[PDB]
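So that the names make sense, note that chain A is the first sequence line, chain B the second, and so on, each numbered from 1. All heavy atoms count here, side chains included; hydrogens, waters and symmetry mates do not.
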Amino acid sequence: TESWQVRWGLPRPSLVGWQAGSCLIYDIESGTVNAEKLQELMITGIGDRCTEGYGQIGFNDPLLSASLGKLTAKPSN
RNA sequence: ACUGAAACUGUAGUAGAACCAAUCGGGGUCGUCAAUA
């Protein structure tokens with residue numbers, strides 16, 4: 001991301017990371033996952049500059065859990 | 001961890017060249033008409 005910073009009067013630093021749509025799935029090797037903490041991360045986001053909407057994350061979404069190979073899309077004055 | 005700013009899709013270019021709305025024609029002149037009984 002190669003933005004400006006209008007109050008700075010100068011370019012913003014280049015922000016590198018992962019684009020939206022990127023997906024990953026893990027086995028949990030140990031420890032319970034707190035549904036309340038997953039909810040909080042799904043609210044606040046992860047990483048840097050989440051205040052302006054970076055870092056927004058979906059946990060355990062059914063679309064990443066589905067098998068879809070057989071499915072189809074739905075059909076003056 | 002904070003919207004960039006500012007910038008006329010404008011500039012030049014003749015919908016035109018060529019083509020006859022024309023060719024021929026004396027404002028002239030003579031025999032009947034009609035069908036029954």
Side-chain angles (χ1 to χ4, degrees):
Chain A
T1 315
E2 222 73 39
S3 308
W4 206 253
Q5 221 290 9
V6 179
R7 308 184 190 275
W8 285 9
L10 281 183
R12 252 164 140 209
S14 214
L15 313 160
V16 174
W18 313 108
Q19 29 181 307
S22 299
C23 294
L24 63 182
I25 191 162
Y26 294 104
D27 297 346
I28 293 164
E29 183 167 28
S30 68
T32 189
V33 76
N34 183 0
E36 303 298 329
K37 194 70 174 186
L38 296 173
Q39 168 168 327
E40 187 67 16
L41 294 190
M42 288 200 60
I43 288 160
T44 56
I46 62 151
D48 217 353
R49 292 181 220 244
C50 304
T51 283
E52 61 180 285
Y54 293 106
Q56 301 303 319
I57 186 160
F59 286 114
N60 298 331
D61 191 278
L63 177 63
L64 298 234
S65 296
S67 294
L68 298 115
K70 302 302 90 177
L71 308 190
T72 58
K74 283 191 177 185
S76 64
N77 270 321

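Rounded to an integer number of Å, the gap from CD1 of A:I46 to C1' of B:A1 is 17 Å. Residue A:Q5 contributes atom CD, which lies 13 Å from atom P of B:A5 at whole-angstrom precision. The separation between A:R49 atom CZ and B:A1 atom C1' is 6 Å, rounded to whole Å. A:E2 places its CD atom 13 Å from the P atom of B:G4, with the value rounded to the nearest Å. In this structure, A:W4 places its CH2 atom 13 Å from P of B:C2, rounding to the nearest Å. Per the geometry, OH belonging to A:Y54 stands 12 Å off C1' belonging to B:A1, to the nearest Å. At whole-Å resolution of the value, CZ in A:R12 and P in B:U3 are 7 Å apart.
Atom P of B:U32 sits at a distance of 25 Å from the matching atom of B:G28, rounded to the whole Å. Nucleotides B:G27 and B:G31, compared at atom P, are 22 Å apart to the nearest Å. Going from the P atom of B:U9 to that of B:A5 covers 16 Å, rounded to whole Å.
Annotated as stacked: the bases of B:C33 and B:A34, by the 5.5 Å centre and 30° plane rule. No stacking contact links strand neighbours B:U29 and B:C30 by the limits of base ring centres under 5.5 angstrom apart and planes under 30 degrees. Bases of consecutive nucleotides B:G10 and B:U11 are stacked, their six-membered rings being centred less than 5.5 Å apart at a plane angle below 30°.
Remark: A:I25 CD1 to A:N60 CG distance equals 8.0 Å, nearest 0.5 Å. In this structure, CD on A:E40 lies 6.5 Å from NZ on A:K37, to the nearest 0.5 angstrom. Put simply, CD on A:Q56 and OG1 on A:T44 are 7.5 Å apart, with the number rounded to the nearest 0.5 Å. Interatomic distance, CG of A:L41 versus CD of A:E36, reported as 12.0 Å (0.5 Å rounding).
When the pucker is read from the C1'-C2'-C3'-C4' torsion, the sugar belonging to B:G4 turns out north, on the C3'-endo side. Judged by the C1'-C2'-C3'-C4' torsion, the sugar of B:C33 sits on the north side, since the angle is positive. Sugar pucker of B:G13 is south, as judged by a negative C1'-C2'-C3'-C4' dihedral. A negative value of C1'-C2'-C3'-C4' puts the sugar of B:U9 in the south, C2'-endo-like family. In terms of the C1'-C2'-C3'-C4' torsion, B:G28 has a north-puckered sugar. The angle is above zero.
Relative to the side chain of A:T51, the nucleotides B:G4, B:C2, B:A1 differ in distance, and B:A1 lies closest. The side chain of A:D48 approaches B:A1 more closely than any other nucleotide in the set B:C2, B:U3, B:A1.
A syn base is found at B:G26: its glycosidic angle is within 90° of 0. In this entry the base of B:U23 is anti relative to its sugar, with a glycosidic angle more than 90° from 0. In B:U29 the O4'-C1'-N dihedral to the base is more than 90° from 0, which defines an anti nucleotide. More than 90° away from 0 lies the glycosidic angle of B:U11, which makes this nucleotide anti.
Residue A:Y54 is tested with A:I46, A:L15, A:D48 for a side chain to side chain contact (heavy atoms under 4.5 Å, CB included); the sole match is A:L15.
Using a 4.0 Å cut-off, no side-chain N or O of A:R7 falls inside it from OP1 or OP2 of B:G4.
For A:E52, the salt bridge (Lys or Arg N to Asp or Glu O under 4.0 Å) partners at least two apart in sequence or on another chain are A:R12.
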